[PDB]
Amino acid sequence: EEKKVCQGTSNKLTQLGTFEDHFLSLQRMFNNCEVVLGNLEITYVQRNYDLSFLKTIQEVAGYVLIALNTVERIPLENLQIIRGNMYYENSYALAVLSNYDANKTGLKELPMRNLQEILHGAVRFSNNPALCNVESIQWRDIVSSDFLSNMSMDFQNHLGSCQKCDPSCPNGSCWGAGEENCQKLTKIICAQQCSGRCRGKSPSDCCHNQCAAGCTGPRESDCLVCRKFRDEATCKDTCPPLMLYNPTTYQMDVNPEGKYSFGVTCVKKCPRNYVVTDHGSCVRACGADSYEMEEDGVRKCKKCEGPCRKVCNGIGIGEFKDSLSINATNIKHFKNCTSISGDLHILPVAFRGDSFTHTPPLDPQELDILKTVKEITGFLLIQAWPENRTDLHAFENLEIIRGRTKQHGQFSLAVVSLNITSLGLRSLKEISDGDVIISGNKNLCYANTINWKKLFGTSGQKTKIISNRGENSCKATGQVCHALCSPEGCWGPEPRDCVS
Amino acid sequence: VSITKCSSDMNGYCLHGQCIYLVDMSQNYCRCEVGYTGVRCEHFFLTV
Ligand SMILES: *[C@@H]1O[C@H](CO)[C@@H](O[C@@H]2O[C@H](CO)[C@@H](O[C@@H]3O[C@H](CO)[C@@H](O)[C@H](O[C@H]4O[C@H](CO)[C@@H](O)[C@H](O)[C@@H]4O)[C@@H]3O)[C@H](O)[C@H]2NC(C)=O)[C@H](O)[C@H]1NC(C)=O
Ligand SMILES: *[C@@H]1O[C@H](CO)[C@@H](O)[C@H](O)[C@H]1NC(C)=O
């Protein structure tokens with residue numbers, strides 16, 4: 001079982017074709033998902049459409065958006081925490097907006113009974129003409145005190161169709177109507193002796209500081225949700241240090257419980273992809289004066305002596321955080337980069353230009369600059385390429401795709417909807433992590449000849465090559481690997497492209 | 001009506017779709033062509 005995870009969606013309030021196609025995509029993304037790393041968006045959903053899969057969702061790290069729904073009930077019954085790592089509209093971790101219909105009734109049921117803490121952000125309710133009993137829910141326990149002012153919740157439902165809360169219910173604050181759908185106070189009912197949350201009002205019934213929403217006892221394992229970091233069933237403020245402080249130590253206090261830091265959890269060993277620092281953490285890139293070396297085949301931060309190579313950030317991160325694709329404005333910063341500390345996107349908008357971003361068109365010849373790069377720490381996405389060129393000339397010297405960051409959290413290499421006849425990625429020797437997708441390239445041929453398994457390093461990697469030019473069509477056009485290389489395939493028609 | 005036709009100034013905003021106006025939010029968003037994801041439908045949703 002472990003924890004089932006979904007990447008989430010960041011499409012804001014954008015429709016995905018028809019309503020049914022949108023609902024389909026939603027159910028693919030959030031089927032069986034116990035923990036959402038990203039943003040949970042429930043938008044453009046229609047009445048009498050099954051939404052029961054949402055019962056499985058326990059956590060949402062980003063924000064929860066619920067909008068443009070004609071549905072009667074959305075069943076986030078087991079959702080218990082909203083970490084608030086990402087805000088919607090820069091100040092709302094939970095947003096329920098404009099849930100109306102041609103008929104007066106819109107959204108009426110939101111039974112988030114287990115919801116107890118929103119670590120960061122505020123809540124906004126607007127244009128909801130059918131919501132029931134969410135008005136009674138008091139948000140002092142749920143929302144952080146610092147973000148309370150930013151809350152802008154206003155309910156507009158005079159239907160009176162909603163029922164009343166149960167007598168066993170604290171201050172009449174209920175989520176829906178049953179006794180199970182009521183406020184659970186773990187913050188306000190606490191004594192002055194508790195720090196943070198509490199299981200009961202008595203001093204003996206307090207929660208540990210790292211217990212997040214609630215606890216069943218004053219123990220780290222009894223924490224229902226982890227606040228900061230997680231070790232086994234325990235929740236901790238920090239991953240246990242490999243070396244800890246001691247009052248008097250003949251040698252460094254090596255901790256038998258010391259574990260490496262990876263994301264929200266603490267693992268025993270960092271993956272081969274990430275930089276294992278001496279402090280004990282899985283890091284994506286070395287900082288200042290530190291560059292990447294392999295001591296025993298694992299990456300580490302060695303201090304540069306004086307001058308040090310430039311850390312060329314990828315598109316979508318750093319200075320180019322909101323940049324959709326490489327374009328004329330940002331292509332100059334990649335002049336002499338031998339490595340891409342990030343992920344590289346290429347989209348058709350770059351060649352046409354975008355007035356909304358005030359972006360000029362991109363020159364095809366300028367792309368040749370990318371020939372200097374040999375290692376991409378993140379992922380490569382190619383949705384556009386110059387029409388005159390028949391191969392990915394710029395990435396001919398690319399060697400290793402580390403795949404530390406992947407598109408949609410899955411694909412490290414993507415080449416879709418290109419007219420190129422051959423890939424031409426001759427120098428590519430290792431795809432350390434992430435899947436590969438080659439689809440919709442009408443004139444591309446030499447893809448299935450290559451054995452992508454030898455390129456794959458991490459176990460479980462898969463390849464998906466479809467909708468390219470057919471093998472029969474390419475064979476009839478003489479577009480098959482050169483005779484000088486019988487096995488292992490090739491990257492193009494000429495002998496230079498043969499694999500070894 | 002929830003959806004309104006965007007003004008012609010929002011012409012190329014939707015890379016793979018058509019601009020739509022949400023009157024309650026008073027904002028411009030996209031109707032994506034099938035298979036495309038993102039606010040501006042910028043990235044192709046990669047099938048498994
Ligand atoms: C071509 O490449 C260039 C260079 O990388 C790239 O330019 C970038 O465009 C984005 C979008 O216009 C810029 O990001 C903006 O920065 C301003 C700075 O004040 C912000 O105010 C903007 O805020 C918006 O987004 C916020 C959320 O992030 C919202 O909360 C807010 O309400 C606004 O909607 C926005 O962040 C970025 O600064 C430039 N960078 C440079 C160096 O010019 C361009 O986008 C690329 N073109 C394409 C088509 O990819
Ligand atoms: C969701 O996951 C369950 C569990 O494997 C599966 O039985 C079901 O078919 C899935 N639903 C869809 C729509 O794929």
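For this deposited structure, the header cites X-ray crystallography as the method used and 3.5000 Å as the resolution.

Asker: Outline the sheet that holds strand 4 (residues 59-60) of chain A, supporting the account with residue identities and numerical values.
Answerer: Judged by pairing direction, the sheet is parallel, and its 5 strands sit side by side in the order 1-2-4-6-8 (chain A) without closing on themselves. The sheet is open, and its two edges are formed by strand 1 (5-6) and strand 8 (117-118) of chain A, each paired on a single side.

Asker: Tell me about the UniProt feature "domain: EGF-like" in chain B, and name the residues and values.
Answerer: When the UniProt feature table is mapped onto this chain numbering, "domain: EGF-like" sits at residues 2-42 of chain B. With 0% helix and 41% strand, residues 2-42 of chain B has end C-alpha atoms that lie 24 Å from one another.

Asker: Report on the UniProt feature "disulfide bond" in chain A, specifying residues and quantitative values.
Answerer: Residue and element names in this part refer to chain A. Judged by the 2.5 Å criterion, the UniProt-annotated disulfide of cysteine 169 with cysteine 182 is present, its S-S distance being 2.0 Å. Highlighted residues: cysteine 169 in the loop between strand 10 (152-153) and strand 11 (229-231) and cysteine 182 in the loop between strand 10 and strand 11, separated in sequence by 13 residues. Inspection of the UniProt-annotated bridge between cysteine 194 and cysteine 206 gives a sulfur distance of 2.0 Å, within the under-2.5 Å criterion for a formed disulfide. Of this pair, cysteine 194 sits in the loop between strand 10 and strand 11 while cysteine 206 sits in the loop between strand 10 and strand 11, placing them 12 residues apart in sequence.

Asker: Just give me the short version of the sheet that holds strand 27 (residues 430-431) of chain A, but keep the residues and values in it.
Answerer: Residues and elements named next belong to chain A. As summarised here, the arrangement of the 4 strands in space is 21-23-25-27, forming an open sheet in which the pairing is parallel. The open sheet terminates on both sides in strands that have one partner only, identified here as strand 21 (339-340) and strand 27. Here strand 23 (residues 375-376) runs beside strand 25 (residues 400-401); their pairing, made up of 2 bridges, is parallel. Residue pairing across strands places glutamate 375 opposite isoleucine 400, the latter belonging to strand 25.

Asker: I'd like to hear about the UniProt feature "disulfide bond" in chain B, residue by residue, with values.
Answerer: All names here are of chain B. With its sulfur atoms 2.0 Å apart, the UniProt disulfide linking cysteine 14 and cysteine 30 appears as an intact bond in this structure. Here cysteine 30 lies in strand 3 (residues 27-32) and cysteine 14 lies in the loop between strand 1 (3-5) and strand 2 (17-22), a separation of 16 residues in the sequence. The UniProt disulfide joining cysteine 32 and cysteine 41 is present here, with an S-S separation of 2.0 Å.

Asker: Before we move on, could you go through the state of the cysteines and cite the residues and values that matter?
Answerer: All names here are of chain A. Covalently, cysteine 132 is tied to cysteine 162 through a disulfide, its sulfur atoms 2.0 Å apart. Measuring handedness by torsion sign, the sulfur bridge of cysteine 132 and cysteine 162 sits at about -65° and is left-handed. A residue pair is termed long-range when its members are at least 10 positions apart, and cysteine 132 in the loop between strand 9 (122-126) and strand 10 and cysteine 162 in the loop between strand 10 and strand 11 qualify at 30 residues. Across the disulfide, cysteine 207 is cross-linked to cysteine 215 (sulfur-sulfur distance 2.0 Å). Taking the sign of the S-S torsion, about -95° here, the bridge from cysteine 207 to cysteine 215 comes out left-handed. Each bonded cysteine of chain B is numbered by sequence order, and under that numbering the disulfide pairs are 1-3, 2-4, 5-6.

Asker: Give a detailed account of the interface of chain B and chain A, specifying residues and quantitative values.
Answerer: If you look at the interface, chain B gives 30 residues, while chain A gives 34 residues. Of all elements in the fold, only strand 2, strand 3, strand 4 (36-37) and strand 5 (43-44) of chain B reach the threshold of two or more residues within the side of chain B that touches chain A. The biggest single contributor to the side of chain B that touches chain A is strand 3 of chain B, with 4 residues. Among the residues forming the side of chain B that touches chain A, the class breakdown is 18 nonpolar, 7 polar and 5 charged.

About the cut-offs
- Residues numbered from 1 in each chain as written, not as in the entry; some residues may be left out.
- Chains lettered and ligands numbered in written order.
- Heavy atoms only, no water.
- Residues with missing side-chain atoms left out of burial classes, pairs and counts.
- Pairing = 2+ DSSP bridges.
- Helix = DSSP H or I, 4+ residues; strand = E, 2+ residues; numbered from the N terminus.
- UniProt positions renumbered as here; feature names shortened; annotations may be inferred.
- Disulfide = S-S within 2.5 Å.
- Contact = heavy atoms within 4.5 Å.
- Nonpolar A, V, L, I, M, F, W, Y, C, P; charged D, E, K, R; others polar.

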